[PDB]
Each structure stands twice: as structure tokens, then as C-alpha cells.
Amino acid sequence: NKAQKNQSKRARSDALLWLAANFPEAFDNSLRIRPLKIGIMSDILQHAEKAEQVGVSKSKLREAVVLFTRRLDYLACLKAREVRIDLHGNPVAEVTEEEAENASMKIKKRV
RNA sequence: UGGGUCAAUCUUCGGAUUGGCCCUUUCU
């Protein structure tokens, strides 16, 4: 049971690393972190076949975006009227006042 | 966030827990 939980963490690394390698404008946090389009998960799962070719499952792509968006740095960039971007960095929407408040609320809760 | 399914351990045998995969959920 000790190792069965480690393989899930590594399977989630591989999942998030695959996202950062194929869609860097959104998930390569070395360059920058920016708000993601609402419904980006649907756009990502349209590439589920290309990700399966390297071992990354649909459920693990979901588990990776969850990890990516619960980081404090992601919640910290959810500021009112910051641009949400698609998988290629293109502007598609803006962050609403409610969404910006809920984020700063989650940040305060943590820590 | 909920649901299905397979595998492992356990059970006071009513069940419970961990993990894989699929569907699904305002801030993805």
C-alpha cells in the first residue's frame, strides 16, 4: 500500500509534465502562470489520444489540472479582470469579480 | 463533486479501506 500511492503521484507527474510539454502557454509554469479558460478540461481531453500514446490517461490529466490549479501561485494570479487563456495563450475571457474573491479567500484559508 | 467498473487487503460477513481505468462536477 506504501508504493501503490507513490505510483499515483508519479503517474500524476507524467500527466502534468505532458501538459507542460505539449501546451506550454498554459501549463509551463517556468515561463509564467496565467488563468485558464473556463472549460479548458474539455479542450485537453480532445487530445486524450495523443496523451495515451505516452501512458497518460484521461483520469490522470484531470488529476493533474487539479494539482496545477490548487497551487497557491495559480490562485494568486486569479485577479479581477485578468485574462483567461486557452491552451495556446490566446485571450478568450476575463476573470469575474466573484471568481477573484473566491480565490483570495482560498489563499487566506490556506496557511 | 458524485457515479460505474476491475485489482489488492480486511471483516463482527451487514461490509469497510487503498489503487488503476471511464463518465461527470461555478471558480479546469
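For this entry, the PDB record names X-ray crystallography as the structure determination method and reports a resolution of 3.20 Å.

(A) Expanded view of unusual backbone geometry. The backbone of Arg81 shows a phi angle near 70 degrees, a positive value even though the residue is not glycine. With respect to the element layout, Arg81 can be found in the loop between α6 (72–76) and β1 (83–85). Assessed through its relative accessible area of 58%, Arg81 is described here as exposed. Positioned with a positive phi, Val111 is a non-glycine residue whose angle comes to about 80 degrees.

(B) Inspection of the layout of surface pockets at higher detail. Each pocket or cavity is described by its volume, and for the largest pocket that value is around 320 Å³. Lining the largest pocket are 17 residues, and of these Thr69, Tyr74, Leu75, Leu78 and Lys106 lie nearest its centre. At the level of elements, α3 (40–45), α5 (58–70), α6 and α7 (97–109) are the ones that each hand at least two residues to the lining of the largest pocket. Tallying contributions element by element places α7 first for the lining of the largest pocket, with 4 residues. Split by residue class, the lining of the largest pocket holds 8 nonpolar, 3 polar and 6 charged.

(C) Quick look at the packing of aromatic side chains. Counting across every chain of the model gives 3 aromatic pairs. Where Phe27 meets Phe68, the ring centres are 4.8 Å apart and the plane angle is 55 degrees; that geometry is what we call tilted. One end of the pair, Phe27, is in helix α2 (residues 24–27); the other, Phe68, is in helix α5, and 41 residues separate them in sequence. Looking at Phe27, the relative accessible area reads 0%, which means it is buried. Residue class for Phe68 comes out buried when judged on its relative accessible area of 3%. Centre to centre, the rings of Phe68 and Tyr74 are 5.7 Å apart; their planes meet at 50 degrees, and the pair counts as tilted. Across the pair, exposure class does not vary: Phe68 and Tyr74 are buried alike. Among the aromatic residues, those joined into a ring-pair cluster are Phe27, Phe68 and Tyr74.

What counts, and at which threshold
- Counting starts from 1 on each chain and follows the sequence as written, independent of the entry's numbering; residues without coordinates are not shown.
- Following the order in which they are written, the chains are lettered starting with A and the ligands numbered starting with 1.
- To obtain the side-chain values, all non-hydrogen atoms of the structure were included, while hydrogens and water were left out.
- Helix and strand assignments follow DSSP, with helices taken as H or I runs no shorter than four residues and strands as E runs no shorter than two, numbered in order from the N terminus.
- In this scheme, a residue with accessible area under 20% of its type's maximum is buried, one over 50% is exposed, and one in between is partly exposed, where area comes from a 1.4 Å probe on protein chains only.
- Using only the protein atoms, space was sampled on a 1 Å grid; points where a 1.4 Å probe fits but cannot get out form cavities, open sets with protein on both sides within 12 Å along at least five of seven lines form pockets, and lining residues are those with an atom within 4 Å of a point.
- Grid points are joined across faces, edges and corners, and a volume is the space filled by probe spheres set on the points.
- Side-chain classes are defined by residue name, with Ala, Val, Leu, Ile, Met, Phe, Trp, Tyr, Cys and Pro counting as nonpolar, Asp, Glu, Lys and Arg as charged, and the others, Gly among them, as polar.
- Any two of the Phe, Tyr and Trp rings considered here, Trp counted by its six-membered ring, make a pair once their centres fall within 6.5 Å; the pair's planes then place it as stacked at under 30 degrees, edge-to-face at over 60, or tilted in between.

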